[PDB]
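Novice: Need coordinates for the below:
(6 chains, ligands or ions: 11)
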Amino acid sequence: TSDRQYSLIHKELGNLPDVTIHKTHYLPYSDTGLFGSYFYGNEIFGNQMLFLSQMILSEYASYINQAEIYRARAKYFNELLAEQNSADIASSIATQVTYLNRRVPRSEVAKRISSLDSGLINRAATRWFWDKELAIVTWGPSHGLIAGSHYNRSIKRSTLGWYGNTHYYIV
Amino acid sequence: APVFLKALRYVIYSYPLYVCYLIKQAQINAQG
Amino acid sequence: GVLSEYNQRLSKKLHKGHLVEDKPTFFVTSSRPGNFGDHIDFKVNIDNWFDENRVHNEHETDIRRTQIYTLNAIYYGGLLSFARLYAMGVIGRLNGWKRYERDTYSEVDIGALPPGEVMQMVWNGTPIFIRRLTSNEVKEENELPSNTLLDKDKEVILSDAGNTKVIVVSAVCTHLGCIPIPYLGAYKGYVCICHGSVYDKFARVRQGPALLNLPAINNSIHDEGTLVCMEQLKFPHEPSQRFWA
Amino acid sequence: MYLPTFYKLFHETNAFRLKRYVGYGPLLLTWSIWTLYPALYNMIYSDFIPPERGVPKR
Amino acid sequence: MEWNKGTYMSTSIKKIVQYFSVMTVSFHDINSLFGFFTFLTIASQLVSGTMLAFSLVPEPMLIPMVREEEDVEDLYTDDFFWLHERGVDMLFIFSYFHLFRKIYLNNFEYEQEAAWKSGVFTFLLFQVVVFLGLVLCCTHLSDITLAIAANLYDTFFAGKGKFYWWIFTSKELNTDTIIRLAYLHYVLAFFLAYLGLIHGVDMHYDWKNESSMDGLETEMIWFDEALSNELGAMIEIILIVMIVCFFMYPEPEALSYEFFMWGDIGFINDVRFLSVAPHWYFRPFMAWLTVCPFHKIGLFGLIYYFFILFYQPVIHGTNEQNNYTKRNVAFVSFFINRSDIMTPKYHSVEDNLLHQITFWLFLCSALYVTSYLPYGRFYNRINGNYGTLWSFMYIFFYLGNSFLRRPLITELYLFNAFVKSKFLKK
Amino acid sequence: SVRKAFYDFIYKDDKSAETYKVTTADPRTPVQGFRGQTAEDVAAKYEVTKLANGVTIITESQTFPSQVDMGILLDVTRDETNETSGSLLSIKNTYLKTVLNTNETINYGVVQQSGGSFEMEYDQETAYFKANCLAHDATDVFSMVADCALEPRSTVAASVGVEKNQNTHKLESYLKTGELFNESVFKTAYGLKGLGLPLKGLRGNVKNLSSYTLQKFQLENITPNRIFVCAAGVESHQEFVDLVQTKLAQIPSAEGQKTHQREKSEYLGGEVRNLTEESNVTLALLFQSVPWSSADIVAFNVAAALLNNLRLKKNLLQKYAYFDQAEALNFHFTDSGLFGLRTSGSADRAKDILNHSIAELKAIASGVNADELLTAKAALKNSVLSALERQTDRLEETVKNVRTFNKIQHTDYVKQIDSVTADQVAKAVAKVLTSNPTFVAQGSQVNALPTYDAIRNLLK
Ligand SMILES: CCCCCCCCCCCCCCCCCC(=O)OC[C@H](COP(=O)([O-])OCC(O)COP(=O)([O-])OC[C@@H](COC(=O)CCCCCCCCCCCCCCCCC)OC(=O)CCCCCCCCCCCCCCCCC)OC(=O)CCCCCCCCCCCCCCCCC
Ligand SMILES: CCCCCCCCCCCCCCCCCC(=O)OC[C@H](COP(=O)([O-])OCC(O)COP(=O)([O-])OC[C@@H](COC(=O)CCCCCCCCCCCCCCCCC)OC(=O)CCCCCCCCCCCCCCCCC)OC(=O)CCCCCCCCCCCCCCCCC
Ligand SMILES: CCCCCCCCCCCCCCCCCC(=O)OC[C@H](COP(=O)([O-])OCC[N+](C)(C)C)OC(=O)CCCCCCCCCCCCCCCCC
Ligand SMILES: CCCCCCCCCCCCCCCCCC(=O)OC[C@H](COP(=O)([O-])OCC[N+](C)(C)C)OC(=O)CCCCCCCCCCCCCCCCC
Ligand SMILES: CCCCCCCCCCCCCCCCCC(=O)OC[C@H](COP(=O)([O-])OCC[N+](C)(C)C)OC(=O)CCCCCCCCCCCCCCCCC
Ligand SMILES: CCCCCCCCCCCCCCCCCC(=O)OC[C@H](COP(=O)([O-])OCC[N+](C)(C)C)OC(=O)CCCCCCCCCCCCCCCCC
Ligand SMILES: CCCCCCCCCCCCCCCCCC(=O)OC[C@H](COP(=O)([O-])OCC[N+](C)(C)C)OC(=O)CCCCCCCCCCCCCCCCC
Ligand SMILES: COC1=C(OC)C(=O)C(C/C=C(\C)CC/C=C(\C)CC/C=C(/C)CC/C=C(\C)CC/C=C(/C)CC/C=C(\C)CC/C=C(\C)CCC=C(C)C)=C(C)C1=O
Ligand code: HEM
Ligand code: HEM
Ligand code: FES
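Specialist: Numbering: from 1, shown residues only, chains lettered A, B, ... in the order given. Ligands and ions are numbered 1, 2, ... in the order given. Here you go:
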């Protein structure tokens, strides 16, 4: 069962048979950045993929379990240790030098991200995710999404954890 | 095995006897 | 201010009161899917409100979000105030209202009562005991064992007039309401006979199944025992004002 | 590795949700105090603060 | 019951909550919100009537004294009684405005059937409850209303074998009659809520604020975006009603219609039959009875009005044949040389002018019918108001006859213009 | 502490907290007080040992502190009979399901929380359960890798596997993936036996994949003499040897009992011509190549690198538009091999798709230019070394090298590629062409193609 795991987003996605792909993108730039989720799945679950990633992040603004923190920490450690191909490591070094004028060592990143705690995570989430604005795009069959296809009350209240999750759980 | 669950079981068994003890004492007092 | 904004909005060029485009306008998303092609000649849009309806505050958008939330809060607060008035009406209908307290003032003369006597009077349609205690009787009552007493909260109120303290208590048994024995040789107090409840000369509960003392009667003594004002204790009841003016 | 039992995860999640919902207890208390204030006044000065005994001479 | 295929919606708490949390409402105006006002007035009527029931003892000889004494000793009771009366008034106003609005938009199409009839039935039930409520006042107005209702009930049975006794015991208000009618009033008033919920679920299938088909696909989320507007429009209409009542009704007045409610059953035996008048909402029916002195014809008129009001979609609808139904025409057959006529198609609302003229004639006739009491003391000895007769007959003709609705003239003229233009341009 | 509890009850940052300073330190400069150690890479040492039973252990020594990789390779689809065809697919679809020591949910949670990964991949004549994780989580992870790789299938596992195999078959049929086409190719090449069994298994036998059949398959095939355990990034060989011994020592030696053995595979020159009414026609022409033992395998790889990178694109895809896609297939097996082309193009010109394709292959037999050979060798070196640079793939190929050649040869792949010459490639391809062709065609007009004898004559 999807519940018997330490990932809330995967718990939600397991119950959706037709939602096939999900990936989280963090794109930082010199002045701004974009952090979000891309879903690819059947249009019958359009209102779920639309309102899913918004909810989970907003939930972290109030409460995040230690299991999720440690899962993310271990995943980050493995990702840091797994960059072994010359091309990818060279590209990352060049990008880091370009945007920071410095090569960030593995140890420093590990120290920085390990220090994160439940309280720090909640505070960062409320700084960046709680009750914040959104950029939404829906490409494909919009027969069921055409109604409410504007920035109505549901869209603005979707960035509140457990508040405005009404539309996700229906269907 | 947990302390509080074991205590809960003990009080469940004992509380009826405690109420019986209180009833007996009330009878003794009412006797005079 | 408001006048400045009205002046600014006065000189606006619009078609019969509507701010609409005077020429056809076509907008194409540069990053549309490759299969969409060119925009068709159909004029989907008559208004450019997507751009005109803009306060260019992309910086500090949260301030406008908070302002919208505040306006919503004011509207909801008005609606909730009306709903609260309705709820007050409903609950006040269910919970009665004591508009005024009916008169219960009375006077009974106790001076005629010989010392060390108990008399029954009819007050508020209920029996009441009026008794006079001598100094020797009071002293005998004091120093007695406190084990028999079964009321730590209850107390005793003794009047001071007529050279002998006068006591007025409710003549109703706490057990079930039967009339207790007026006088007993062992203790010239009260001892119910229907079930054997035993009280003392102060009406306290001594060695008796009844768990409460005889209720006290609110009274104030004046004219040296000739004028015993007796009015039922008054409890608050609100709202008390029946007319605004 | 951190492998907590799902019992504990459920308990902690429900504890957080209970904490969140308890915050509205004061809200409803204030709503029911502003409303029905005469009832609260009668309760306070009839049970917790009983009236004085004596009666006026008149 | 194989004939019954099923229900449009299963009114379960889970599904109702989901449906109302996912509901979407298209942009609208105040004219298309009378239904919400009616429902909200129904809810307030339920609450206020529940509050009143705990005060009203169903014995006729105690209701007046109980009402008078419990207004003083208990706070908010008279407030709830006033709220109940004004809620009945506003409920009638909103219901009739809703009926007129839905008649205006030509909602007699087949797709509106489930929406239409479910509503009318509710309206019909809403009538009965009101009647029962009147009886609970135990005034001379209640006495007259009960007597008229009992006579109408006994009309069907030709005055044989006291078939009315199970409700209108002796045709008089007594302990048994009052108790039975009060309990039935409460139960049917609460049943009205479920009927309204069913009607509201049904009508959303094809809901339109205007006849013209706007191409908008985006819609408002009901819970707050539409609900806030509905509440605000209710507030605006209530303000307007307050202003109109404040100015039209001076604080002290002479010769009001409430003066017939002075007499209390039991206390006063003699009845001042010179001034007999019901509330304005039942005024049109008493006026019809006075205008039509024949008992059977008056009862038939009432029944016909209500039932033809129920069966609008069938007489005036497409009928599933896609306008290939053939009417029966008295005189147009000679002009066209055809026994029957195909139903006309182009019967838009905003554009055509005949529809608006006929609809507003009907609405003004209804208003005139409710405008006053015919005063039957000499309304027939004196040649009666011709306006009342004209309005009643136009009400009967408009509801039922399809020559005043979906007229053939528009279709024939449009086809003539089409033929001429096509011939000129080939 | 109390202060942290207070600052978490109200969601307000604690400025003085050291963790807050570390997390909010500016990315441009290092966090104050922390400065990690520096170390240099070291040459990799490979060590191989054998237990008292037949299990083998292979370790690649640490080259630089990184996540430890572990794996188990079983020589056990060629070892599937019609009774138990598709068992390996069911094992793959439920590789995390164990019930003896740890549960499916619990071992999945181990994978998730360790932060690493655990995968199962099977080919013909080989299955491989690989995993990568942090050192301090290695032990537990290995307990999962061994059990999942050695525990007999349970009834619940087989029940889930049947459903998952049915779903996989439906998906493969719906997508018309090249895997199904290769399954048909192998069926016609070897004849529904040995290497001829479909990789995903027969669809008619899916319902028969009960726990009993899977257990029979495992008992017949999984034996200690055919089990290789591998580690990469381990500081000490003996530590991992002890870690393995604590788990796989229980397995009894299979010596003294009649082994299943693998029947020598025979090559059949069949042909298949399926009418599918597809707007595109897919053809595949293959011949018998050399096994792993022969030294020509590298040459064959170069030949593939001569087609999939340089020739097949220019000669077919660029010049002709109806060629949807062409590629060169090169499979090696312990006792046989396959080499040839698979093309796909417009049905209406199916014949034109065939002839030209053959010519391209025949061109290789004619000869190879020096520049083309150098380009192909450079591309092959780039691909192979890109694969080897990643530790997991390097470990997998190390296991396969040990199990095939009994030594480690991936350390001198570059020298082998350099040693190849154009003459060797030309001679190898010419020799391969003489073998009986295996021809498969699926399309709308495959009914009109040159006869098998004509195909051979053109190839001649
Ligand atoms: C104790 C409380 C403390 C807290 C603060 C209290 C005060 C708060 C005041 C807030 C503002 C109230 C009035 C504006 C409401 C709208 C707000 C808004 O949208 O602003 C944001 C925004 C302005 O942006 P902003 O600059 O950031 O905001 C500035 C603030 O709003 C501020 O703007 P402003 O400062 O410029 O406001 C000036 C205004 C407010 O200043 C005050 O607050 C002072 C008020 C004093 C009232 C005293 C009354 C008597 C009682 C006291 C007596 C004793 C003292 C006597 C002293 C004598 C000394 C000699 O003073 C006036 O009275 C002058 C207004 C112009 C004269 C209009 C005369 C009435 C015309 C009505 C026509 C209605 C027609 C309807 C039907 C049409 C169809 C037939 O508004 C717009 O952009 C709207 C523009 C488009 C609409 C224009 C419509 C114009 C015509 C209608 C006007 C309706 C209002 C009339 C008010 C009259 C006085 C009550
Ligand atoms: C002997 C003692 C016995 C016990 C006695 C005590 C009984 C306690 C009952 C407790 C009931 C719990 C109900 C839970 C849900 C409540 C709403 C919620 O989620 O709150 C979060 C919410 C968080 O705040 P927020 O972020 O601003 O969100 C506001 C929105 O509500 C946030 O909403 P949204 O926009 O996110 O979406 C709203 C809605 C989307 O919109 C909808 O779909 C609305 C619903 C549509 C269908 C129904 C239509 C009618 C509307 C509902 C009825 C309203 C009138 C009720 C009148 C009752 C009688 C007077 O979506 C949903 O939430 C879907 C579910 C809706 C609730 C129904 C399902 C759960 C509860 C019931 C489950 C069991 C079945 C029922 C039967 C059980 C029988 C045992 O909390 C509040 O805002 C609470 C404010 C409270 C203070 C203001 C009002 C005070 C009253 C003023 C008048 C004067 C009296 C003063 C008070 C005196 C002391 C009481
Ligand atoms: C659409 C609604 C009405 C139209 C206007 C829109 C109103 C909503 C907008 C927001 C308004 C928020 C502020 C309102 C403050 C009002 C205060 C007030 O007058 O009450 C003080 C008083 C406070 O009383 P008090 O506590 O000072 O003293 C009570 C004791 N006596 C009577 C002796 C003074 O409110 C009440 O106590 C009234 C309770 C009534 C309960 C039952 C309902 C009766 C009907 C009331 C409304 C009548 C008007 C018409 C209603 C039409 C719709 C039903
Ligand atoms: C059924 C679901 C709810 C329906 C809501 C509609 C109203 C229902 C009212 C009846 C049920 C009440 C149950 C609780 C019983 C206590 C009631 C009470 O306030 O005590 C009166 C009692 C009696 O009031 P009293 O003492 O002034 O009057 C009785 C005595 N005489 C007649 C002489 C004046 O007052 C108290 O002692 C209360 C003091 C505390 C006040 C805070 C109470 C909080 C808990 C109840 C909140 C209820 C909110 C309802 C809002 C509904 C909105 C639509
Ligand atoms: C004796 C009482 C009998 C009369 C009935 C009294 C009903 C009173 C209802 C009003 C007060 C409700 C207060 C709690 C509200 C909790 C809301 C909630 O969802 O919980 C938050 C969270 C859950 O968050 P959630 O967001 O998942 O909420 C949805 C919850 N479900 C799925 C159940 C609908 O739960 C908690 O962790 C707190 C639960 C509090 C309630 C626990 C009840 C059982 C234990 C205490 C009582 C035990 C004795 C019972 C009597 C037995 C007598 C022999
Ligand atoms: C005698 C009267 C005494 C009255 C004293 C009143 C003093 C009040 C002083 C308040 C100071 C400010 C406090 C802020 C707390 C903020 C907590 C917080 O972060 O909340 C978020 C959480 C929920 O968070 P959330 O999930 O909603 O959103 C978090 C927001 N982001 C994501 C942006 C971070 O809520 C709570 O913590 C609520 C629970 C704590 C408060 C509970 C109080 C219960 C009291 C019940 C009434 C008792 C009355 C007395 C009874 C006596 C009986 C004999
Ligand atoms: C079988 C037949 C059965 C009967 C079925 C017939 C159909 C019934 C349909 C009923 C529809 C009811 C809709 C009601 C909607 C309105 C509700 C409402 O407002 O409340 C009722 C209102 C309020 O009634 P009220 O009784 O409270 O007060 C009116 C008092 N009387 C009756 C004395 C006038 O009823 C009306 O009176 C409405 C009509 C009033 C029209 C007045 C307009 C001004 C006239 C000016 C005259 C000319 C002066 C200047 C001359 C010189 C210049 C030209
Ligand atoms: C043809 O003749 C007929 C009729 O007349 C013509 C009819 O009317 C009818 C139908 C009518 C009837 C049978 C009569 C029915 C009458 C009705 C429904 C009228 C009443 C309507 C209402 C809405 C009443 C509402 C009442 C209230 C809100 C009162 C609230 C009171 C209380 C006590 C609520 C709190 C208590 C509870 C919920 C009980 C729970 C338990 C406790 C509190 C325990 C307390 C004790 C301890 C120890 C803890 C028929 C069928 C008919 O055939
Ligand atoms: C839509 C719902 C309702 C409608 C339309 C309605 C209608 C009426 C009407 C017209 C009256 C007479 C008013 C007058 O003559 O001035 C009345 C009185 C009355 N109604 Fe209702 N009613 C409804 C709901 C209820 C409910 C639910 C109850 C009880 C639970 C109730 C109880 C009473 C009582 C007790 C009276 C008489 C009060 C008195 O005479 O003092 N009503 N009703
Ligand atoms: C107490 C009586 C009634 C209640 C509570 C009620 C309730 C409602 C509500 C809330 C709506 C949605 C809002 C709106 O359309 O304005 C509605 C719509 C509607 N009502 Fe009613 N109504 C009542 C009486 C009637 C009557 C008398 C009719 C017709 C004779 C009717 C026919 C309709 C129709 C057809 C619609 C849908 C309109 C459309 O599709 O555009 N209803 N009703
Ligand atoms: S009646 Fe007084 S003790 Fe039983």
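
Novice: now residue F:187: how far from residue F:180?
Specialist: Between residue F:187 and residue F:180 the distance is 11 Å, computed by Cβ to Cβ, to the nearest Å. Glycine gets a C-beta too; all of them are placed from N, C-alpha and C.

Novice: Please say which of these two ends up with more neighbours.
Specialist: Summary of the neighbour comparison: residue F:187 and residue F:180, criterion other Cβ atoms under 10 Å in any protein chain shown, with residue F:187 having more neighbours (20 against 17).

Novice: Hmm, the more buried one is touching residue F:198, no?
Specialist: Yes. Checked against Cβ atoms under 8 Å, the pair residue F:187 and residue F:198 is within contact range at 6.9 Å.

Novice: Whatever residue of chain B ends up closest to ligand 1: neighbouring residues, count only.
Specialist: Among the residues of chain B, residue B:4 lies nearest to ligand 1; the distance is 57.7 Å by Cβ to the nearest ligand atom. Under the neighbour criterion other Cβ under 10 Å, residue B:4 is assigned a count of 7.

Novice: packing partners for the helix or strand in which residue E:420 is found?
Specialist: When elements are defined using DSSP states H and E, residue E:420 is found to belong to helix E:408-425. Secondary structure elements in contact with helix E:408-425, counted by 3 or more Cβ pairs under 8 Å, 6 or more residues apart in numbering or on different chains; DSSP states H and E, are absent; no helix or strand qualifies.

Novice: Tell me the gap between that helix and the middle of its chain.
Specialist: For helix E:408-425, the separation from the chain centroid amounts to 40 Å (computed by Cα atoms, centre = their mean, to the nearest Å).

Novice: Spatially nearest residue to whatever residue of the stretch 251-400 of chain E ends up closest to ligand 8 (excluding sequence neighbours)?
Specialist: Residue nearest to ligand 8 within the stretch 251-400 of chain E: residue E:265 (18.8 Å; Cβ to the nearest ligand atom). Residue nearest to residue E:265 in three dimensions, not counting chain neighbours: residue E:138, with 4.9 Å by Cβ to Cβ, 6 or more residues apart in numbering or on different chains.

Novice: quick revisit: can the one helix or strand the residue of chain B closest to ligand 1 maps to be found next to ligand 11?
Specialist: Under the criterion DSSP H and E, the helix or strand holding residue B:4 is helix B:3-31. No. For helix B:3-31 and ligand 11, the contact criterion (Cβ under 6 Å from any ligand atom) is not met; the two come no nearer than 11.7 Å.

Novice: so what secondary structure elements neighbour that helix?
Specialist: Secondary structure elements in contact with helix B:3-31, counted by 3+ Cβ pairs under 8 Å, 6+ apart, are absent; no helix or strand qualifies.

Novice: ok, it near ligand 5 or not?
Specialist: No. Residues of helix B:3-31 contacting ligand 5 under Cβ under 6 Å from any ligand atom: none, with a closest distance of 13.1 Å.

Novice: What parts of chain E come near ligand 3?
Specialist: Of all the residues in chain E, those in contact range of ligand 3 (Cβ under 6 Å from any ligand atom) are E:76, E:79, E:83, E:235, E:238-239.

Novice: Relative to residue A:157, how far out is the residue in chain C that ligand 10 sits nearest to?
Specialist: Using Cβ to the nearest ligand atom, the point where chain C gets nearest to ligand 10 is residue C:79, with a distance of 18.8 Å. Between residue C:79 and residue A:157 the distance is 18 Å, computed by Cβ to Cβ.

Novice: From the neighbour counts alone, determine which of these two ranks first.
Specialist: When neighbours are counted by other Cβ under 10 Å, residue A:157 comes out ahead of the other of residue C:79 and residue A:157, with 19 against 14.

Novice: My guess is the more buried one contacts residue A:167. True?
Specialist: No. The criterion here is Cβ under 8 Å, and residue A:157 misses it with residue A:167 at 9.2 Å.

Novice: Which secondary structure elements does the longest helix seen in chain D sit against?
Specialist: Among the elements of type helix in chain D, defined by DSSP state H, the one spanning the most residues is helix D:6-22. The elements that helix D:6-22 packs onto, with contact taken as 3+ Cβ pairs under 8 Å, 6+ apart, do not include any helix or strand.

Novice: Other residues contacting it?
Specialist: Under the contact criterion Cβ atoms under 8 Å, 6 or more residues apart in numbering or on different chains, helix D:6-22 has outside partners A:3-4, A:6, A:62-63, A:65, A:67, A:162.
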